[PDB]
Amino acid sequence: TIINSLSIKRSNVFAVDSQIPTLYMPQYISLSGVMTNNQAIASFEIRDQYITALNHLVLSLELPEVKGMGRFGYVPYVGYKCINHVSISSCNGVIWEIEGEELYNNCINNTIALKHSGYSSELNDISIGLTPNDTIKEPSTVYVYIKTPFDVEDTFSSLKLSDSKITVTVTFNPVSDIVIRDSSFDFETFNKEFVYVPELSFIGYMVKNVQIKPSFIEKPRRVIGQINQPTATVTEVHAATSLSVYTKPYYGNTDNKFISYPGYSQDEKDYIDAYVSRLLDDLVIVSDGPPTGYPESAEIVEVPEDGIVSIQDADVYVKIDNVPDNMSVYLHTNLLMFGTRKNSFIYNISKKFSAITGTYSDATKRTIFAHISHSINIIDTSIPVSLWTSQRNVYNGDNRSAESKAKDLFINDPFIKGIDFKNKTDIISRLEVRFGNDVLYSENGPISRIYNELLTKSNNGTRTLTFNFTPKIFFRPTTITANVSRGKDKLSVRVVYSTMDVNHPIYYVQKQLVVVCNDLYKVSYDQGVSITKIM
């Protein structure tokens, strides 16, 4: 019966003519560099007569042993966060360069690349050293994959350099960015003694009778707008393949100090749970007589026999078992509060708790919490302490114990986007992109970001206008092209940020609009490597 279901020319899908390729030989080449210092710059010169092509740059980084006292840990993906800039240049000048946060953005979907850059509990959990000669973190090496457009189709897209001298340059962020630390930590010494120790590897190709043809290249150019200004403009846009827009926070009006940090565990729930844990130290107190050692502005109340404390309309159920007879259960009813006028709405972190149950330990003399019912969110965990106690706040603001406040952590991670530590909250309410002075694209919802995430299979997308839907390398990229006489040589982005009540500390986080334009360049090989901005 099958013989029934089975004249004309047909393409063979059961055999292929195995073509003989170019004769080449690859080699993983590692090379130490020159480190020079203001900011730290590593330079790697690649000049070898027998290296014909290269791609897949990996910068390795040896992190020191960290000994002393205080709490200290590394930002996630520390390797990528070390990099402020990378430039690939020849004797004819720059071939390609990228900003560190955009390199991170391009590799943010490479899970293996991310893990190699430094993502472990050994690196990213906040360790604590107890003696001035105690070891906080052990020495370690991380690997940063410098993704470049020369890796896209491997040998085909490789950087050709036969009889050219190419120099890879890495500018490093201040070590302050890649470190999360306590006050007790001697950052002053650390900053002083720490140096970047880098080494650049690449896959080099020795090619016999190489046939060089020109190619095309995309270079992301980044523009940051002014603080709290909701627009940014990219000039000299003649051949752009895509345009991405995102917001980033500006923490310069603060001390960059936050109450809680989860460590290696970076899920939204983890960020929340760590916060709740730090708050719970002061939120529920078991003591003999009214608790001591809180600001006078604190309003710590004894829990009634019903177990319910009413903070305005908010009811909080607190039940601790095995409390000593001489002790009572107290609730800090305004652990953190913010208000801009005396007759305003008030943001009170204690009101975000509904139920706190646990058990007192006679042996260890502390409370062990069992079930916490609350409505703490990712934003609460991302509020700089400074904002709780800003001049705008008519209250004291920070009513924590000094013991709690001491454990606050400085975080200066340079790649934060949004207003929360997970980039969860979307604060762009409307988006308008103008090419010249005409509106090119507008949206009320984040449909450009939905398509971004959808089209790239990523959970970390951005509002992105992609103009190239053409397979890269085998075709000249499709671009939005400029008319210079009509004035269309600029891309202006303007947003309308989403509105919220002025009595939330997060309202006072300063915002910066980031616009990234991918310009098309042509890579030429007449008398060395050279690039040319398509116009």
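Note that residue numbering begins at 1 and tracks the sequence as displayed.
In the deposited entry, the stretch joining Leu6 to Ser7 is interrupted by 4 to 9 residues of the deposited sequence lacking coordinates. Going from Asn37 to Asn38, the model skips 4 to 9 deposited residues, which lack coordinates. For the pair 450-458 and 184-192, the record assigns the higher mean C-alpha temperature factor to 184-192. In this entry, 302-310 has the higher mean Cα B-factor, the comparison being between 302-310 and 379-387. Going by the entry's values, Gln229 shows the largest Cα B-factor out of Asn348, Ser244, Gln229, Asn106. When the Cα B-factors of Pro249, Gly293, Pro414, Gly79 are read from the PDB record, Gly293 comes out highest. Among the modelled residues of its chain, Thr359 has a C-alpha B-factor that falls in the highest third, as given in the PDB entry.
Per the PDB record, residue ranking by Cα B-factor puts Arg222 in the middle third of the chain.
In the PDB entry, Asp288 places in the highest third of its chain by CA B-factor. When all modelled residues of the chain are sorted by CA temperature factor, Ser297 is found within the lowest third.
Looking at the C-alpha B-factors along this chain, the one for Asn110 belongs to the middle third.
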